[PDB]
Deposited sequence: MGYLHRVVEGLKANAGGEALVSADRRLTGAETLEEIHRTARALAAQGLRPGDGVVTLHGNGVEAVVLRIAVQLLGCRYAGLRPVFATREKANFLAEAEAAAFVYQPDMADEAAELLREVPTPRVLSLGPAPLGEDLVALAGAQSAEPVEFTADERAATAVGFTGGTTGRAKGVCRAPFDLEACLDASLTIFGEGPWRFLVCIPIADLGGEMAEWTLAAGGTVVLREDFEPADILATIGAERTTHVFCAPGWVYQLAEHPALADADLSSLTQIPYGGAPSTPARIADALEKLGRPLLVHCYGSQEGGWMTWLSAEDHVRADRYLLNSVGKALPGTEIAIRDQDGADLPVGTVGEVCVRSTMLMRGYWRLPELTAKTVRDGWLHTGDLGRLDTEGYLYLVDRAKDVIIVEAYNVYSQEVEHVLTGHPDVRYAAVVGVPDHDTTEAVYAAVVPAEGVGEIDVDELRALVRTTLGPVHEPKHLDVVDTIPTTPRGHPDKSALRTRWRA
């Protein structure tokens, strides 16, 4: 009965219990709810009204979550810059935003001034003592904690999340409550004790709101470092920590895992980037129980599928190369070049329809209309369904390797390679071929205790599984697979390195 209603009621149900725990500060539900009201009235006092854009620049402090909710409670449009983003990318976003306020962490006051010289914004605000603008925690300090009722259009965008090259995904309460609803399906009923070490600016902050909504406790960390995270799980008695798949491996392999206490976890949901099945298998063996839950989502589509914990260890199937089944209410069609629905089993673009679809891309109505067509999000992912409804991603459309007019799917070839015991990690990419236009390059990282990889054994296994053309013409053993700023392997830089 309204997205912020859901958040607030969650905080009212957790009034006396912890709600926001960072390493610096701890609020109850009642304390948390009080800061939100006072922050919201403070922002209102500064002139912000429904529809006004509030760009922010902060880490994952407590103050960041109160800010996100308070801005949205007013009905304003929260637009959170990740810290990780290059400063130029931030400016371009801040400029694109019809920004009515800019709210920054003191710690980051340098960057604030570079961006604000570059985009003069009114209502510069600081989350504590700071060189620039007024101090918002002070302003809230002197404000009443009287509840502020959400009264804006549930359908109008209250959040914008940035995705690089470089786009803001707008979200309204409507689609956010549906995202909330899906989270309860994935993560189970609340209350959760949820370890968020993802930016509050974007996905970490929605996950914060979901946790609170379901009446739970957000445990904030700035980022993922496996040793801190293992300590935090036991100390803060976490029920969930959302991981990039690499992070999952870092936990499961970390020497201090043996001394850590993980008994509090119900789940370790993971997603955001392609997993290595064999590695998820090892993580599963090393953790000792079905904790892992595979989540497939996008900022545009919200949650699309999840592979449950039980399906990770289902006796009669191997499903670790699946991102699982549709969430209740999510329809999935697999479509060809022209938008024809393909029969179950065939490869095509994953197109999803649900009430979780974004409101659309910020100030990009053309691109919106190319991406969402007749209420169907075209994901740019390629995959197939199976007769039990599991989704298998084989490639991003942009990564497909065209050899002699046949389609080689890079992600699908990696899984074959990584499935090999001698291979730990792999990246497949297309490079120029005189004869076949594009040939298949695979870089493979050897497992521990593997010496010389038999590159012919590996080509055979791909031929034998996918067929001849899927065979890597070029097969480098490497130390390391380069990575992009945002959890994802750097395919450009392998294309780039392979020429020279």
Which bits of the deposited sequence have no atoms placed for their C-alpha? 166-169
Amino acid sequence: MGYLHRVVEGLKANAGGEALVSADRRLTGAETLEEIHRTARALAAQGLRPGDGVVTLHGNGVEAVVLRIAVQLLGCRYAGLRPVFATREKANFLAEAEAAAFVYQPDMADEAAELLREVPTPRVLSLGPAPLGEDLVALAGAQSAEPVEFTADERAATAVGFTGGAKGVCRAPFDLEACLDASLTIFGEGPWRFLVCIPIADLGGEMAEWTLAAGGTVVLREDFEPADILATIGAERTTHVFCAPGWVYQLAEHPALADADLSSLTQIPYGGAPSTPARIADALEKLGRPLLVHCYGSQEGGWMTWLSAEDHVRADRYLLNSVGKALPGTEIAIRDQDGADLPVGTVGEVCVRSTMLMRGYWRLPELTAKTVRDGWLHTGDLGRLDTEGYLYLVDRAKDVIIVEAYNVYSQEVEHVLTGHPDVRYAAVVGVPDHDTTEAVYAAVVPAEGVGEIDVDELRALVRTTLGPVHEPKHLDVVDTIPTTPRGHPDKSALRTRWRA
From here on, numbers count along this sequence of modelled residues.
When the C-alpha temperature factors are averaged for each of 70-78 and 124-132, which stretch ends up with the higher value in the entry? 124-132
Tell me which stretch, 193-201 or 114-122, has the higher mean Cα B-factor listed in the entry. 114-122
Maximum C-alpha temperature factor, selected from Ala273, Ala97, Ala427, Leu220: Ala97
Just to confirm, going by the entry's C-alpha B-factors, which of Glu414, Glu149, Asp181, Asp386 comes out highest? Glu149
Among modelled residues of the same chain, the CA temperature factor third for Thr436: highest
Binned into thirds over the chain's modelled residues, the C-alpha B-factor of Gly297 lands in the middle
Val477: which third of its chain by C-alpha temperature factor? highest
On the chain's distribution of Cα B-factors, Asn14 falls within the third called lowest
Sorting the chain's modelled residues by C-alpha B-factor, tell me whether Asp422 ends up in the lowest, middle or highest third. middle
